[PDB]
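Architecture and fold: a report
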Amino acid sequence: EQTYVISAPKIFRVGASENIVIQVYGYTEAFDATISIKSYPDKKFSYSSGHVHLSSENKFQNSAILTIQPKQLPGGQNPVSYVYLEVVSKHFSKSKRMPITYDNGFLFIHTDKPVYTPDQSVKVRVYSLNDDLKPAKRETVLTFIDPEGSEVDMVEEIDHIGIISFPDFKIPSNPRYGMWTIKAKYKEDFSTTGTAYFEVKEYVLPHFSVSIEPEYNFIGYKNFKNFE
Amino acid sequence: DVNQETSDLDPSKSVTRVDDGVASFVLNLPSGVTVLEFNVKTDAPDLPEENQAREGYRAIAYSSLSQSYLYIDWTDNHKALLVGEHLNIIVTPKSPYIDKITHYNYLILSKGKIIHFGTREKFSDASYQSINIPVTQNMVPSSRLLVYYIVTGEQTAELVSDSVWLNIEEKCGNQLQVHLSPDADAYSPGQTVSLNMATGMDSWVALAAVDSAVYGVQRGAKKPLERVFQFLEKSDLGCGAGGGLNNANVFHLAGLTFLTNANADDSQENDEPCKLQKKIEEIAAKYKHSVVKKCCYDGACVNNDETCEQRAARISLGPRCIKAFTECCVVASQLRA
């Protein structure tokens with residue numbers, strides 16, 4: 001009685017370098033195994049494959065890193081929901097259906113301050129990463145949205161490093177105050193979505209400043225009867 | 001029970017340690033235990049029974065056809081997991097009846113990808129067996145470990161697996177640091193300050209000078225610095241503290257899918273998340289018209305230099321606000337005498 005084990009992540013990320021592990025037990029001498037990925041309905045399109053040779057030298061365990069190239073997907077804007085993973089060897093063969101997603105890296109939107117006043121400037125930069133938490137230089141497009149919800153200005157910048165410094169945003173003389181939204185996405189094929197917020201309020205000169213200090217930041221059973 | 005029989009265990013009591021902040025418990029359950037429900041509460045001396053904290057929980061048994069189960073644990077107290085050290089992991093495979101095993105198989109994952117794999121040889125004599133696992137830099141944010149062995153039944157082959165979640169120290173690649181040459185806490189206006197940046201490797205740095213009062217209230221002041229860790233940890237596909245209902249469920253809680261003979265995983269149905277004036281307030285609040293209530297407010301504002309209707313002539317909004325405005329001005333003029 002002899003058996004094989006194929007280990008893969010639950011979902012696949014496009015453009016990610018994904019590690020597939022093959023571990024085989026109960027076999028003598030050595031053999032080669034091929035692990036590839038195809039399209040769900042038919043296996044014609046093969047987005048990548050790998051070849052691993054397992055022996056007593058290798059303890060009958062091998063690893064292969066598959067990658068889904070983003071540009072081999074359908075040019076139409078309708079996504080591909082499922083993808084086949086195929087393992088073929090001399091002694092056996094097996095196939096599996098597994099979903100994918102276009103969420104890949106991470107977009108973190110760094111602003112200098114959470115609050116702004118009229119006629120100020122918003123100093124903003126973005127950090128973009130891949131599945132490996134590595135720079136992943138990609139041209140990123142971010143858009144601004146006002147508290148009323150309309151897209152105001154849209155800007156795009158290429159990535160030399162992974163610290164992307166976007167043009168400063170000028171605040172109008174008489175703006176619409178409220179909670180403002182900044183969205184970031186990669187230009188073409190990536191669905192990775194970063195988001196951040198910042199608030200804008202009209203400045204007024206206080207006649208005097210008032211502070212309110214409690215006894216604690218929480219009300220416990222002790223002070224339920226009296227709170228200084 | 002599997003017979004649907006409930007038994008109360010003799011209650012256990014412990015105390016959280018000084019270092020770990022964890023009260024440790026161990027329950028020896030009957031062999032045929034299926035589901036275990038337990039309530040944990042605080043006995044603290046100066047707190048009344050009302051004001052003590054309490055939380056209940058439920059636990060389910062791992063289901064296997066071959067009566068073969070597995071439990072893995074990393075032995076420590078005040079768990080740290082320094083990088084580069086050795087992780088000594090105790091494996092207690094035993095309560096299979098069919099158990100004489102060829103080998104154990106290990107898989108190690110971090111940040112949503114498979115960083116390590118291997119196999120160790122089983123000693124057919126002693127039961128519990130230890131594995132020395134190097135902790136590497138691929139594991140920096142956090143990592144999950146999966147261990148499984150196979151048993152050959154007269155019916156089918158069978159996989160037996162268990163998983164463990166591992167929180168590891170946060171240690172960067174570059175470990176970049178910033179300092180000021182006048183490291184004292186006081187500073188004077190216009191004082192020249194030397195800024196020092198030191199990294200373990202060539203790296204790009206970006207700074208921020210943000211007034212501490214920009215955050216406003218001190219409690220709950222969040223930056224990208226604060227949200228970057230947790231918002232970044234979503235790269236991990238798996239959730240929970242480890243374990244599972246069955247072998248395939250252990251793998252899925254680890255965030256994995258497999259292709260074998262013995263055990264068919266169910267990934268098809270798996271897509272899931274996981275963890276005086278009262279007279280004024282009469283008309284004012286009673287009309288309940290969003291446009292009118294304002295007309296009642298500024299209707300009742302004090303005006304010495306013109307009459308109520310003289311102020312009412314400047315209303316362009318229509319009579320709907322005239323009827324309210326005029327009344328709210330009269331009441332204000334009446335009640336202030």
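Residues numbered from 1 in each chain as written, not as in the entry; some residues may be left out. Chains lettered and ligands numbered in written order. Part of a larger assembly, values for the part shown. Heavy atoms only, no water.

If you check the header, you'll see the entry was determined by X-ray crystallography and the resolution is listed as 4.200 Å.

What chain A contains, in helices and strands, is zero helices and 18 strands. Relative to the 2.2 N^0.38 estimate, which gives 17 Å for 228 residues, the radius of gyration of chain A is 27 Å and therefore markedly larger than a compact globule would have. Counting only C-alpha atoms, chain A reaches 90 × 55 × 30 Å along its principal axes. The buried share of chain A, taken over its 228 residues, is 43%. Counting every atom, chain A has about 13,400 Å² of accessible surface; 51% of that belongs to carbon and sulfur. One way to put it: in chain A the 25 positive side-chain charges average out to a point 6 Å from where the 28 negative ones average out. (Helix = DSSP H or I, 4+ residues; strand = E, 2+ residues; numbered from the N terminus. Rg over C-alpha atoms; globule rule 2.2 N^0.38 Å. Buried < 20%, exposed > 50% of the residue type's maximum accessible area, 1.4 Å probe, protein only. Areas by Shrake-Rupley, 256 points an atom, 1.4 Å probe, with all protein chains shown as cover. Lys, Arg positive; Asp, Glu negative; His and termini not counted. Charge placed at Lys NZ, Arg CZ, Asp CG, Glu CD.)

What follows deals with the side chain of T257 of chain B. Mapping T257 of chain B onto the fold places it in strand β12 (residues 256-260). Discounting residues that sit within four places of it in the chain, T257 of chain B has contacts with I6, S7, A8, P9, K10, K96 and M98 of chain A together with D265 and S267 of chain B. (Contact = heavy atoms within 4.5 Å.)

Moving on: the UniProt feature "disulfide bond" in chain B. All names here are of chain B. Regarding the annotated cystine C296-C328, the two sulfur atoms come within 2.0 Å of each other, below 2.5 Å, so the disulfide is formed in this entry. Taken together, the positions of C296 in helix α4 (residues 290-300) and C328 in helix α6 (residues 319-335) put the pair 32 residues apart, joining distant regions of the chain. Of the disulfides listed in UniProt, the one linking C308 with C329 is reproduced by the coordinates, which place the two sulfurs 2.0 Å apart. Of the two residues, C308 is situated in helix α5 (residues 308-312) and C329 in helix α6; the sequence distance between them amounts to 21 residues. Like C329, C308 is buried. (Disulfide = S-S within 2.5 Å. UniProt positions renumbered as here; feature names shortened; annotations may be inferred.)

Locating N19 of chain A in the fold gives a position in strand β3 (residues 17-25). Taking relative accessible area as the criterion, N19 of chain A reaches 14% and is therefore assigned buried. At a separation of 2.6 Å, a polar atom in the side chain of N19 of chain A contacts the side chain of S63 of chain A. At 2.7 Å, the side chain of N19 of chain A forms a polar contact with the backbone oxygen of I114 of chain B. (Polar contact = N/O pair within 3.5 Å; in protein donor to acceptor, adjacent residues only side chain to side chain.)

With that out of the way, let us pick up the nonpolar core. Ranked by internal contacts, the top residues of the largest apolar core, which has 39 residues, are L70, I72, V91, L107, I133, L145 and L256 of chain B. Among the secondary structure elements, those contributing two or more residues to this core are β3 of chain A together with β4 (86-92), β5 (103-110), β7 (129-134), β8 (142-152), β9 (157-167), α2 (247-253) and β12 of chain B. Examining the composition of this core, we find that seven residues originate from one element, β8 of chain B, more than from any other. Beyond its immediate stretch of four places on either side in the chain, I72 of chain B contacts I90, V91, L145, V147, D162, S163 and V164 of chain B. Residues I6, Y27 and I37 of chain A together with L259 of chain B belong to the second largest nonpolar core, which totals 29 residues. (Core = buried A, V, L, I, M, F, W, Y, C linked by side-chain atoms within 4.5 Å.)

This brings us to the packing of aromatic side chains. Geometry of an aromatic ring pair is reported as the spacing of the ring centres plus the angle between the planes. What the rule picks out here adds up to 17 aromatic pairs over all chains. Ring centres of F251 of chain B and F258 of chain B lie 4.6 Å apart, and the angle between their planes is 70°; this geometry places the pair in the edge-to-face category. Taken together, the ring pairs in this structure connect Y25 of chain A together with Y148, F251 and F258 of chain B into an aromatic cluster. When the ring centre of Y186 of chain A is taken as reference, the NZ or CZ atom of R138 of chain A above it lies at 5.0 Å. In this structure, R227 of chain B packs its charged tip against the face of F231 of chain B, placed 5.2 Å from the ring centre. (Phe/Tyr/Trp six-rings, centres within 6.5 Å; stacked < 30°, edge-to-face > 60°. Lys NZ or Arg CZ within 6 Å of the ring centre and 35° of its normal.)

In this section: the environment of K275 of chain B. Residue and element names in this part refer to chain B. Looking at the element boundaries, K275 is found in the loop between β12 and α3 (278-287). Its relative accessible area of 96% is what places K275 among the exposed residues. With 36 residues separating them in the primary sequence, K275 and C239 have C-alpha atoms 6.8 Å apart.

Geometry of a packed helix pair, given as the angle between the helix axes and the separation of the axes. Residues and elements named next belong to chain B. Contact geometry for α4 and α6: axes closest at 7 Å, N-to-C directions at 30°. Regarding the angle of α4 to α6, the classification is roughly parallel. Seen along the crossing, α4 lies across α6 with a hand that is right-handed. Note on element contacts: α6 touches α4 through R320, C321, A324, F325, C328, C329 and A332, opposite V291, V292, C295, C296, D298, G299 and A300. When grouped by side-chain class, the residues that make up the contact of α4 with α6 number 11 nonpolar, one polar and two charged. (Axes fitted to C-alpha atoms, helices over the stretch in contact; angles between N-to-C directions. Parallel < 35°, antiparallel > 145°, perpendicular 65-115°, else oblique. Left-handed = near helix turned anticlockwise from the far one by under 90°. Nonpolar A, V, L, I, M, F, W, Y, C, P; charged D, E, K, R; others polar.)

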